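Let me begin by presenting the structure, written as structure tokens, before commenting on it.
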Amino acid sequence: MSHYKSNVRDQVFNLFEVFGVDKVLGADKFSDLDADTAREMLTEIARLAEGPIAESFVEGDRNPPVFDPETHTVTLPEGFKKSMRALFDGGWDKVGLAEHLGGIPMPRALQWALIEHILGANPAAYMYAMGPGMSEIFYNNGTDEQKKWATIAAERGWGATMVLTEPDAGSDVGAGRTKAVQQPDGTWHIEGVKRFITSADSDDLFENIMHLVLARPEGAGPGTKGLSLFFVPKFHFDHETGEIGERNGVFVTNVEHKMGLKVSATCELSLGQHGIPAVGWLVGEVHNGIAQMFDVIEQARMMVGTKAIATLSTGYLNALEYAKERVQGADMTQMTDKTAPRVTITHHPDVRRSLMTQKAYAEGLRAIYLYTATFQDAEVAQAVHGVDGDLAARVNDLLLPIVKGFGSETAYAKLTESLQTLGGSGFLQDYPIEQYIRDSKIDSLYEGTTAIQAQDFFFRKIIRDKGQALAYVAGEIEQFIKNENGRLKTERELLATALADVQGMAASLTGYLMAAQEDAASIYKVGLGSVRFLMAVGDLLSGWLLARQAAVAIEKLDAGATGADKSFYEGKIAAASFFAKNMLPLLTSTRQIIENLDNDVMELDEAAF
Amino acid sequence: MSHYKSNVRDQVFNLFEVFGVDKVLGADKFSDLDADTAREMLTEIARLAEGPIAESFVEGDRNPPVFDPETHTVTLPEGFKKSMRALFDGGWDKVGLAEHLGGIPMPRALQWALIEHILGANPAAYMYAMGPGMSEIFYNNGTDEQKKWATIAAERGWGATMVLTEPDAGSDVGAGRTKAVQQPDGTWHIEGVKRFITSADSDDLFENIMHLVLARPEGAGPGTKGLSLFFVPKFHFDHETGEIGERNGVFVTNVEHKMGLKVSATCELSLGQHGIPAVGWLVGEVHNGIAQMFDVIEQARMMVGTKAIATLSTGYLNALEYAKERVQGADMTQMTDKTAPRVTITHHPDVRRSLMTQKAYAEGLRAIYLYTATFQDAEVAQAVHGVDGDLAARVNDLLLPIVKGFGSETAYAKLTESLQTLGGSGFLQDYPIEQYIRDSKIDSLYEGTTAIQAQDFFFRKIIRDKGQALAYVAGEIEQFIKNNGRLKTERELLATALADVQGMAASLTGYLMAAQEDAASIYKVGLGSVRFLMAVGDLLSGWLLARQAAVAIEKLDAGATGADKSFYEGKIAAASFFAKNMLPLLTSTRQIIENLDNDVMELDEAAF
Ligand SMILES: Cc1cc2nc3c(=O)[nH]c(=O)nc-3n(C[C@H](O)[C@H](O)[C@H](O)COP(=O)(O)OP(=O)(O)OC[C@H]3O[C@@H](n4cnc5c(N)ncnc54)[C@H](O)[C@@H]3O)c2cc1C
Ligand SMILES: Cc1cc2nc3c(=O)[nH]c(=O)nc-3n(C[C@H](O)[C@H](O)[C@H](O)COP(=O)(O)OP(=O)(O)OC[C@H]3O[C@@H](n4cnc5c(N)ncnc54)[C@H](O)[C@@H]3O)c2cc1C
């Protein structure tokens with residue numbers, strides 16, 4: 001078997017027993033897709049992920065890509081290219097792509113449940129396959145002429161990149177200095193150096209790459225508002241037929257040596273510096289780059305959060321299988337009897353504590369991203385939540401920093417428990433967990449650091465939104481708390497305390513921000529507390545959704561579930577209760593810490609660190 | 001310079017301004033070592049560590065050792081062996097060795113401060129260099145004739161190993177099946193396969209290796225009580241002269257591919273399986289193996305804990321230096337002004353929070369291992385704490401699982417913050433933090449997993465000790481709490497944290513007492529034991545940081561200026577930050593421990 005251990009059963013439970021995404025299946029935009037077909041698609045990609053995609057997971061890390069300075073190209077290991085061909089040959093790079101581009105219409109919740117498997121098995125494979133989806137974004141923002149090129153790009157399976165970051169412009173995107181110079185023929189010459197560009201070359205996987213490049217037109221003003229977005233293809237091509245023509249002046253100059261995710265080629269990218277111009281076309285023929293890059297942003301944040309949970313999930317299931325088989329020590333009830341039978345380590349309290357921590361966070365994160373995705377289709381949000389399109393969009397916007405920020409921080413931290421369950425063997429490359437950890441560290445950095453996520457969440461998704469999306473979610477949690485089984489009373493009580501705790505954090509932080517008008521330095525306490533607040537909201541949402549799942553599991557058990565279903569439902573009840581009693585209470589101390597924040601660390605001389 | 005960034009200034013602060021190790025230097029066992037020589041030694045090893053030792057840190061990981069299965073030997077990268085020779089040429093493998101073995105007598109607190117630099121710069125270099133310290137343990141436990149061999153091994157710089165683990169006996173040491181077959185002439189033939197043995201081969205670093213092997217004499221009883229310890233040399237040698245002779249039957253048969261610490265050869269070791277007996281000599285000529293291996297275990301635990309803090313410390317200082325230089329974004333007070341000047345990232349609250357978290361925990365851990373080491377010499381414990389040898393031994397015993405268990409978990413977790421400070425660059429091998437992380441993940445596994453540490457802490461170091469060492473430490477925290485207005489809030493927060501930990505200890509003890517009536521109650525001890533150990537660590541960190549701030553306030557009040565002034569101000573800030581931001585969480589942890597239940601123990605395994 002491969003390293004990759006999937007959990008289709010938990011995805012189906014979320015999609016169909018908890019959130020009810022099957023209500024929209026078979027009607028209107030999803031007329032061509034029934035629930036049975038959705039279930040079969042999930043089983044099928046899970047098998048693909050466990051087979052040919054996971055097949056090259058180890059090889060891509062042990063035999064990583066090599067930059068060739070003689071040609072300014074990257075060479076990828078042959079086994080990974082075999083995996084990519086399996087993904088393309090099955091049409092999986094076109095799941096959730098618009099029908100007019102050749103895609104299969106489906107709810108975003110189903111789409112991300114399918115992508116979870118590729119991210120768990122070999123996450124760089126999904127990254128290299130994000131071309132069609134970026135072509136769709138270019139389609140939606142382009143002129144009528146540009147839509148014709150985007151159609152070509154989608155149908156020919158070109159690769160794509162998102163090209164923002166520069167040596168001195170990473171978190172501060174508005175500081176970019178890459179330049180765009182308008183030409184007499186209405187094209188632009190793009191000039192500058194970009195850094196950390198994922199998939200900037202990809203060997204012979206594709207016949208072209210579409211680079212979407214942020215750059216500052218000559219004479220444009222400063223900051224984010226002065227940035228425009230350009231379509232910059234690796235090769236010139238015939239704008240009617242798609243025939244590949246002459247090389248365009250956009251070249252990789254290095255491939256980074258990274259801790260993990262090694263088979264994803266992460267490149268320094270030079271535009272206009274190797275003898276020929278980097279010709280670009282202004283997207284939509286309008287100057288609106290950051291706003292056009294928005295749906296790319298949102299996609300990248302969902303991808304990172306799904307990746308984090310995908311990897312935690314397979315890390316947990318690998319640890320669990322190991323623990324079931326490993327014999328070590330006597331039962332703690334027999335510590336004093338040195339004739340006692342040896343037991344499998346799932347009999348040890350600390351190991352069960354570790355495994356339940358891993359399980360609860362893995363399942364809680366899965367529920368979070370699928371919950372989030374039910375707000376990404378107007379149809380689904382109306383059907384499953386009764387929410388209209390504007391509020392659904394604002395709730396999605398609120399949740400994405402949680403999916404990304406909380407997910408990225410939690411998965412890496414809980415994989416520590418996964419490795420620990422194997423004992424010394426977890427430190428070995430023979431088992432996949434050490435690579436999961438290395439591959440997962442990037443999650444807190446890619447598409448904006450955790451602190452940027454947490455600042456965006458508070459300043460933009462709460463304060464600027466005047467709290468409307470947050471109020472909606474809080475009201476859903478309160479409705480669950482106030483609904484009247486007795487087997488979930490203590491969970492509901494712990495959730496009520498956690499809800500009050502997060503509300504108190506929000507109010508303290510909001511006070512610090514509003515007081516900044518009188519005392520400017522007050523705002524620093526918002527920065528000091530932002531990440532802890534984001535993580536507290538993640539824990540609340542986790543606990544609430546686990547409890548919701550436990551409520552469905554109780555109904556299903558009372559209705560007579562048996563066998564492997566019964567075991568699944570009992571595990572949901574156990575994980576919800578464990579999380580409520582062991583993770584949620586810590587938010588009370590965090591609330592008090594945030595209520596007691598001060599400016600001393602800001603006033604300290606830098607020379608004192 | 002190199003990746004390794006040292007902090008001698010903090011070590012000297014602890015040693016001489018907080019704990020008063022100065023008081024024993026220049027008298028009795030330490031007659032010919034004064035405080036000025038100790039400071040020079042710290043500066044010297046730190047410079048060696050930053051230079052020749054750290055020089056091969058990257059090479060060891062990127063060009064890791066290669067095993068030849070037909071010769072049963074490993075080849076180490078040349079630059080790493082050059083680092084080892086720099087260590088041997090300066091006599092640093094004999095730090096704290098007994099004078100009669102060629103060492104320089106010193107307090108253990110100074111010894112581990114010296115060693116911290118090697119562990120920060122290239123931790124596998126110290127690990128390969130642990131021979132002489134293991135020779136002294138063999139000397140102390142040996143017959144008169146074995147003491148002669150230990151003297152040879154120490155003086156010649158032989159390597160050494162501790163050989164316990166087998167494929168089916170890791171946490172459960174007592175399950176070991178390796179056997180010892182007594183020969184007519186009183187030697188033994190050892191037969192079995194051990195796994196995960198550090199330094200079981202080491203290329204040509206040493207003339208010989210002393211393997212100290214746990215094995216079960218034929219016919220002995222089960223469990224740890226049936227195990228004996230054997231001196232098993234790689235090469236036979238002339239017992240009078242030390243001249244190395246013919247190969248003994250102990251051969252490496254595999255070298256593991258690990259996440260980190262790659263240059264430390266971690267080996268499958270086969271005894272008696274290749275047609276050649278693995279001859280062993282019963283240590284002390286008595287059957288008492290687990291007790292003999294104990295002094296080895298305590299050294300290992302101190303080592304792991306000191307390695308954890310050494311690595312976090314250099315990880316923090318690398319992050320700090322990066323943050324001082326990296327310009328990104330506007331000041332938060334100028335968020336709306338698109339013309340605002342860009343600032344260095346140390347201006348951002350989240351970076352300052354991150355850096356203070358890294359600083360407070362690195363410095364708290366350093367104080368913990370130095371504090372612990374002040375109980376490892378009777379005369380230091382007498383002069384600095386006023387405690388006798390018996391109590392001192394029991395306090396050292398209590399603290400070592402904290403050094404090991406709390407340190408190992410803390411350093412790896414807080415290095416996540418060090419990497420984050422660099423942003424995307426932190427994910428690059430061009431900077432040393434990702435290797436710090438990979439190298440540190442072993443700390444929670446080497447010499448016993450965290451769960452084993454925490455179970456040892458509670459059952460053996462508290463319950464079996466009847467709480468005597470724990471009550472001593474608690475009484476010292478309480479005397480600090482009860483003793484000027486500027487540390488009032490810190491003292492209040494420490495008093496809460498002390499009560500929280502005392503409440504957790506009472507809850508777990510109660511669960512153990514209830515197991516007299518309902519055996520399953522014991523499982524609650526297991527469920528909570530690691531959280532309890534981590535809570536005691538946070539409490540000790542907070543207390544020791546606050547004691548450091550008290551001294552820092554005295555030195556500022558007296559008129560400190562310049563870099564000293566900045567150093568002391570940081571000590572005050574770290575102690576305050578830690579009390580307000582780390583300690584209050586123990587209150588929720590106490591409540592969680594009070595509410596533990598057996599639901600997770602009763603769940604069907606199939607339901608996970
Ligand atoms: C890099 C490295 C170097 C090493 N060097 C040496 C060396 O030089 N010499 C040497 O002798 N050994 C050495 N070891 C062995 C190391 O001490 C063992 O890995 C460790 O003791 C755990 O044993 P194990 O790997 O068999 O894990 P296991 O004991 O199988 O543990 C698996 C899991 O079960 C849990 N578990 C097991 N028993 C219990 C219990 N009773 N209660 C609760 N939880 C339990 C563990 O905490 C862990 O999470 C080394 C290991 C490593 C990783
Ligand atoms: C593997 C990898 C692949 C990537 N792929 C791409 C890609 O395809 N396309 C692309 O455009 N980019 C890509 N990036 C860049 C990515 O989006 C990040 O934004 C970038 O790495 C973060 O900026 P930086 O590395 O310059 O760090 P910095 O911005 O220098 O941040 C360093 C530290 O300062 C903190 N900080 C900075 N500003 C603030 C602030 N205002 N408030 C608080 N703290 C702050 C950060 O949180 C961090 O702790 C990639 C990065 C990596 C690691």
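As shown in the structure tokens, the chain order sets the letters A, B, ...; within each chain, residues go from 1, and ligands are also counted from 1 in the order they appear.
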
| Near segment 573-580 of chain B, counting only C-alpha atoms, which residues have an atom at most 8 Å away, once you skip same-chain residues fewer than 4 positions from it, shown as a list in words? | residues 593, 596, 600, 601 and 604 of chain A; 356, 357, 359, 360, 490, 493, 494, 542, 545, 546, 548, 549, 569 and 584 of chain B

Return as a tab-separated table the residues of chain A lying at most 7 Å from ligand 2, together with the closest atom-to-atom pair for each and the distance in Å to one decimal, counting only C-alpha atoms and all ligand atoms, with rows in chain order and ascending residue number.
```
residue	atom	partner	partner_atom_place_in_ligand_line	distance
A:161	CA	ligand 2	8 (O)	6.1
A:162	CA	ligand 2	9 (N)	5.0
A:163	CA	ligand 2	11 (O)	4.4
A:164	CA	ligand 2	11 (O)	3.6
A:165	CA	ligand 2	11 (O)	4.1
A:167	CA	ligand 2	26 (O)	6.4
A:168	CA	ligand 2	26 (O)	6.4
A:169	CA	ligand 2	26 (O)	5.8
A:170	CA	ligand 2	26 (O)	3.4
A:171	CA	ligand 2	29 (O)	3.6
A:172	CA	ligand 2	29 (O)	6.2
A:195	CA	ligand 2	12 (N)	7.0
A:196	CA	ligand 2	50 (C)	4.5
A:197	CA	ligand 2	8 (O)	3.7
A:198	CA	ligand 2	8 (O)	3.7
A:199	CA	ligand 2	8 (O)	7.0
A:266	CA	ligand 2	3 (C)	5.8
A:442	CA	ligand 2	53 (C)	5.6
A:445	CA	ligand 2	53 (C)	5.4
A:446	CA	ligand 2	16 (C)	4.4
A:447	CA	ligand 2	17 (O)	3.7
A:448	CA	ligand 2	19 (O)	4.1
A:449	CA	ligand 2	47 (O)	4.8
A:450	CA	ligand 2	47 (O)	6.3
A:451	CA	ligand 2	47 (O)	4.9
A:452	CA	ligand 2	47 (O)	6.0
```

Atoms to include: N, CA and C atoms. Write the selected residues as a tab-separated table (two decimals), in the first residue's frame.
```
chain	number	residue	atom	x	y	z
A	161	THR	N	0.96	30.24	-13.34
A	161	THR	CA	1.56	30.71	-12.12
A	161	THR	C	0.88	32.00	-11.69
A	162	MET	N	1.02	32.32	-10.41
A	162	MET	CA	0.61	33.60	-9.86
A	162	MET	C	1.92	34.27	-9.48
A	163	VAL	N	2.20	35.43	-10.05
A	163	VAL	CA	3.53	36.03	-9.92
A	163	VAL	C	3.42	37.41	-9.27
A	164	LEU	N	3.58	37.44	-7.95
A	164	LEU	CA	3.54	38.66	-7.16
A	164	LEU	C	4.85	38.99	-6.46
A	165	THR	N	5.39	38.02	-5.73
A	165	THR	CA	6.41	38.28	-4.73
A	165	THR	C	7.74	38.68	-5.35
A	167	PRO	N	11.94	40.14	-4.01
A	167	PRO	CA	12.85	40.12	-2.84
A	167	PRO	C	12.46	41.08	-1.73
A	168	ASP	N	11.98	42.27	-2.06
A	168	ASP	CA	11.63	43.28	-1.07
A	168	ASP	C	10.14	43.54	-0.97
A	169	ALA	N	9.33	42.70	-1.59
A	169	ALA	CA	7.89	42.84	-1.54
A	169	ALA	C	7.29	41.44	-1.38
A	170	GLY	N	7.08	41.04	-0.15
A	170	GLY	CA	6.49	39.75	0.14
A	170	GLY	C	5.16	39.95	0.85
A	171	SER	N	5.20	40.20	2.16
A	171	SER	CA	3.97	40.57	2.85
A	171	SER	C	3.44	41.91	2.33
A	172	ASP	N	4.34	42.86	2.04
A	172	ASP	CA	3.95	44.20	1.59
A	172	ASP	C	3.92	44.20	0.06
A	195	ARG	N	10.39	36.44	-6.98
A	195	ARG	CA	10.97	35.39	-6.14
A	195	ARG	C	9.86	34.50	-5.59
A	196	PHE	N	10.24	33.25	-5.30
A	196	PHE	CA	9.35	32.25	-4.70
A	196	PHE	C	8.14	31.88	-5.61
A	197	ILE	N	8.34	31.77	-6.91
A	197	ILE	CA	7.21	31.55	-7.82
A	197	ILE	C	7.08	30.04	-8.01
A	198	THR	N	5.97	29.51	-7.52
A	198	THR	CA	5.60	28.10	-7.64
A	198	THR	C	5.28	27.74	-9.10
A	199	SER	N	5.87	26.64	-9.58
A	199	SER	CA	5.65	26.07	-10.91
A	199	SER	C	6.10	27.01	-12.03
A	266	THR	N	10.16	25.94	-7.00
A	266	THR	CA	9.90	27.27	-6.47
A	266	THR	C	11.05	28.16	-6.94
A	442	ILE	N	5.47	24.89	5.06
A	442	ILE	CA	5.19	25.93	4.07
A	442	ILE	C	3.80	26.51	4.24
A	445	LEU	N	3.21	30.08	5.56
A	445	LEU	CA	3.98	31.07	4.81
A	445	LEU	C	3.41	31.35	3.43
A	446	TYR	N	3.09	30.31	2.69
A	446	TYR	CA	2.49	30.41	1.36
A	446	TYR	C	1.24	31.27	1.41
A	447	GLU	N	1.09	32.13	0.39
A	447	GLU	CA	-0.03	33.08	0.29
A	447	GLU	C	-0.21	33.88	1.58
A	448	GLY	N	0.86	34.39	2.12
A	448	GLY	CA	0.70	35.24	3.29
A	448	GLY	C	0.83	34.52	4.61
A	449	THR	N	1.67	35.08	5.45
A	449	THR	CA	2.01	34.49	6.71
A	449	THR	C	0.79	34.47	7.61
A	450	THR	N	0.89	33.70	8.68
A	450	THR	CA	-0.19	33.60	9.65
A	450	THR	C	-0.56	34.97	10.21
A	451	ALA	N	0.43	35.81	10.48
A	451	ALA	CA	0.11	37.13	11.02
A	451	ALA	C	-0.67	37.97	10.01
A	452	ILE	N	-0.32	37.88	8.73
A	452	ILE	CA	-1.08	38.58	7.69
A	452	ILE	C	-2.49	38.03	7.61
```

| said: At a cut-off of 6 Å and counting only C-alpha atoms and all ligand atoms, what residues surround ligand 1? Please answer as a VMD selection string. | reply: (chain A and resid 328 to 329 345 348 350 to 351 420 to 425 427) or (chain B and resid 162 to 165 169 to 171 196 to 198 266 442 445 to 449 451)

| task | Pick out the closest residue to chain A from this set: B:491, B:179, B:565, B:247. Count only C-alpha atoms. | result |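 Using only C-alpha atoms, chain A sits closest to B:565.
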
Please identify all polymer residues within 8 Å of segment 362-375 of chain B, counting only C-alpha atoms, omitting same-chain residues fewer than 6 positions from it, and present them as a PDB file with C-alpha atoms, in the first residue's frame.
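The new file part-v1.pdb reads:
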```pdb
ATOM      1  CA  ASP B  10      23.361  34.993  29.638  1.00  0.00           C
ATOM      2  CA  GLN B  11      25.309  31.981  30.895  1.00  0.00           C
ATOM      3  CA  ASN B  14      23.010  32.808  35.507  1.00  0.00           C
ATOM      4  CA  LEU B  15      26.195  31.247  36.821  1.00  0.00           C
ATOM      5  CA  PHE B  19      22.974  31.222  41.235  1.00  0.00           C
ATOM      6  CA  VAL B  21      28.428  29.294  41.314  1.00  0.00           C
ATOM      7  CA  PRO B 107      31.072  22.404  38.866  1.00  0.00           C
ATOM      8  CA  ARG B 108      28.557  20.572  36.690  1.00  0.00           C
ATOM      9  CA  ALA B 109      26.804  23.904  36.071  1.00  0.00           C
ATOM     10  CA  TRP B 112      26.992  22.009  30.889  1.00  0.00           C
ATOM     11  CA  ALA B 113      27.322  25.695  30.047  1.00  0.00           C
ATOM     12  CA  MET B 302      20.835  16.406  30.770  1.00  0.00           C
ATOM     13  CA  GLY B 305      17.745  19.036  27.461  1.00  0.00           C
ATOM     14  CA  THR B 306      20.870  21.147  26.995  1.00  0.00           C
ATOM     15  CA  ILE B 309      17.889  24.818  24.625  1.00  0.00           C
ATOM     16  CA  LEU B 312      16.383  27.113  20.384  1.00  0.00           C
ATOM     17  CA  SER B 313      18.783  29.798  21.539  1.00  0.00           C
ATOM     18  CA  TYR B 316      16.131  32.750  18.238  1.00  0.00           C
ATOM     19  CA  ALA B 381      24.093  22.570  46.445  1.00  0.00           C
ATOM     20  CA  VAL B 384      24.210  28.010  46.901  1.00  0.00           C
ATOM     21  CA  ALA B 392      20.139  17.559  46.477  1.00  0.00           C
ATOM     22  CA  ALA B 393      20.197  14.139  44.776  1.00  0.00           C
ATOM     23  CA  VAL B 395      15.910  17.390  43.589  1.00  0.00           C
ATOM     24  CA  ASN B 396      18.278  16.687  40.673  1.00  0.00           C
ATOM     25  CA  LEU B 399      14.310  18.070  37.658  1.00  0.00           C
ATOM     26  CA  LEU B 400      15.929  15.907  34.985  1.00  0.00           C
ATOM     27  CA  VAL B 403      15.094  19.339  31.547  1.00  0.00           C
ATOM     28  CA  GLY B 407      12.926  21.119  27.105  1.00  0.00           C
ATOM     29  CA  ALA B 411      12.482  23.857  21.859  1.00  0.00           C
ATOM     30  CA  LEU B 540       9.785  26.716  36.902  1.00  0.00           C
ATOM     31  CA  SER B 541      10.507  28.838  33.836  1.00  0.00           C
ATOM     32  CA  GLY B 542       8.279  31.604  35.126  1.00  0.00           C
ATOM     33  CA  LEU B 544      13.384  31.441  37.421  1.00  0.00           C
ATOM     34  CA  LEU B 545      12.758  34.213  34.934  1.00  0.00           C
TER      35      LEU B 545
END
```

With a cut-off of 6 Å, could you pull out the residues of chain B touching chain A and give me the nearest pair of atoms for each, distance in Å to one decimal, using only C-alpha atoms, ordered by chain and ascending number, as a Markdown table?
```
| residue | atom | partner | partner_atom | distance |
| --- | --- | --- | --- | --- |
| B:172 | CA | A:329 | CA | 5.3 |
| B:257 | CA | A:429 | CA | 5.8 |
| B:258 | CA | A:428 | CA | 4.4 |
| B:259 | CA | A:427 | CA | 5.6 |
| B:329 | CA | A:172 | CA | 5.2 |
| B:349 | CA | A:527 | CA | 5.1 |
| B:350 | CA | A:528 | CA | 5.3 |
| B:424 | CA | A:445 | CA | 5.7 |
| B:427 | CA | A:259 | CA | 5.6 |
| B:428 | CA | A:258 | CA | 4.4 |
| B:429 | CA | A:258 | CA | 5.5 |
| B:445 | CA | A:424 | CA | 5.7 |
| B:519 | CA | A:333 | CA | 6.0 |
| B:523 | CA | A:349 | CA | 5.8 |
| B:526 | CA | A:349 | CA | 5.1 |
| B:527 | CA | A:349 | CA | 5.1 |
| B:566 | CA | A:608 | CA | 4.5 |
| B:567 | CA | A:608 | CA | 5.4 |
| B:570 | CA | A:608 | CA | 4.5 |
| B:584 | CA | A:589 | CA | 5.9 |
| B:585 | CA | A:589 | CA | 5.2 |
| B:588 | CA | A:586 | CA | 5.2 |
| B:592 | CA | A:582 | CA | 6.0 |
| B:607 | CA | A:567 | CA | 4.5 |
| B:608 | CA | A:571 | CA | 5.7 |
```

Can you spit out the residues from that selection as a CSV table (one decimal), in the first residue's frame, using C-alpha atoms?
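So the final result, stored in again_23.csv, reads:
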```csv
chain,number,residue,atom,x,y,z
B,172,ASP,CA,9.8,-1.4,27.6
B,257,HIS,CA,18.1,7.3,7.3
B,258,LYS,CA,16.7,10.0,9.7
B,259,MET,CA,14.8,13.2,9.4
B,329,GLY,CA,5.6,47.1,5.5
B,349,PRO,CA,3.7,43.7,17.2
B,350,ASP,CA,3.3,40.1,16.0
B,424,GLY,CA,9.3,32.4,3.2
B,427,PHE,CA,11.5,27.5,4.5
B,428,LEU,CA,14.9,27.6,2.7
B,429,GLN,CA,17.9,25.5,3.5
B,445,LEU,CA,12.3,10.4,21.5
B,519,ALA,CA,-8.1,0.0,38.8
B,523,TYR,CA,-5.7,5.7,33.3
B,526,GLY,CA,-1.7,8.6,32.1
B,527,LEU,CA,-4.1,10.9,30.4
B,566,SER,CA,20.0,46.6,27.6
B,567,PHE,CA,20.7,43.0,28.8
B,570,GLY,CA,15.4,42.4,28.4
B,584,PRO,CA,-2.3,32.0,33.0
B,585,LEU,CA,-3.0,29.0,30.7
B,588,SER,CA,-7.4,26.2,32.2
B,592,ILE,CA,-9.1,20.2,32.3
B,607,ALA,CA,-14.0,3.8,16.3
B,608,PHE,CA,-10.7,5.8,16.0
```

Near residue 159 of chain A, counting only C-alpha atoms, which residues have an atom at most 8 Å away, once you skip same-chain residues fewer than 6 positions from it, shown as a tab-separated table (two decimals) with N, CA, C and O atoms, in the first residue's frame?
```tsv
chain	number	residue	atom	x	y	z
A	128	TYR	N	0.84	21.90	-9.62
A	128	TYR	CA	1.20	22.01	-11.03
A	128	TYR	C	-0.03	21.96	-11.94
A	128	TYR	O	0.04	22.43	-13.09
A	129	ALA	N	-1.16	21.45	-11.44
A	129	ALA	CA	-2.38	21.28	-12.22
A	129	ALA	C	-3.39	22.41	-12.03
A	129	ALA	O	-4.56	22.25	-12.38
A	130	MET	N	-2.97	23.55	-11.48
A	130	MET	CA	-3.92	24.64	-11.21
A	130	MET	C	-4.11	25.54	-12.45
A	130	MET	O	-4.81	26.56	-12.38
A	131	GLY	N	-3.52	25.17	-13.59
A	131	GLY	CA	-3.65	25.92	-14.82
A	131	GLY	C	-5.09	26.17	-15.26
A	131	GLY	O	-5.50	27.31	-15.47
A	132	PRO	N	-5.87	25.10	-15.47
A	132	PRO	CA	-7.24	25.31	-15.97
A	132	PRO	C	-8.02	26.27	-15.09
A	132	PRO	O	-8.69	27.17	-15.61
A	206	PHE	N	3.92	20.62	-19.85
A	206	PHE	CA	2.96	21.45	-20.59
A	206	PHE	C	3.60	22.03	-21.83
A	206	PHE	O	4.81	22.24	-21.87
A	208	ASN	N	2.76	25.16	-22.79
A	208	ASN	CA	2.92	26.57	-22.48
A	208	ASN	C	2.60	26.76	-21.01
A	208	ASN	O	1.93	25.94	-20.39
A	209	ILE	N	3.06	27.88	-20.46
A	209	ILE	CA	2.68	28.32	-19.11
A	209	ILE	C	2.08	29.73	-19.20
A	209	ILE	O	2.64	30.61	-19.86
A	210	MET	N	0.99	29.96	-18.51
A	210	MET	CA	0.41	31.31	-18.41
A	210	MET	C	0.87	31.94	-17.12
A	210	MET	O	0.42	31.52	-16.05
```

| message | DSSP on the backbone, alpha helix (DSSP H) only: what residues of segment 392-580 of chain B does that give? Format it as number ranges by chain. | response | B: 392-401, 407-421, 433-440, 450-455, 468-482, 488-514, 522-558, 562-580

| message | Applying 7 Å and only C-alpha atoms, which residues near segment 60-76 of chain B remain after dropping the ones on its own chain fewer than 5 positions away? List them as a PyMOL selection string. | response | chain B and resi 81+201-203+251-253+255+262-263+265

| remark: Judged by only C-alpha atoms, the minimum distance to residue 287 of chain A among A:263, A:250, A:214, A:380 is found for A:214

| Which residues come within 6 Å of residue 281 of chain B, counting only C-alpha atoms, excluding same-chain residues fewer than 2 positions away, as a PyMOL selection string? | chain B and resi 187+230-231

| Looking at only C-alpha atoms, which of B:394, B:482, B:234, B:5 is the one that sits closest to residue 468 of chain B? | B:394
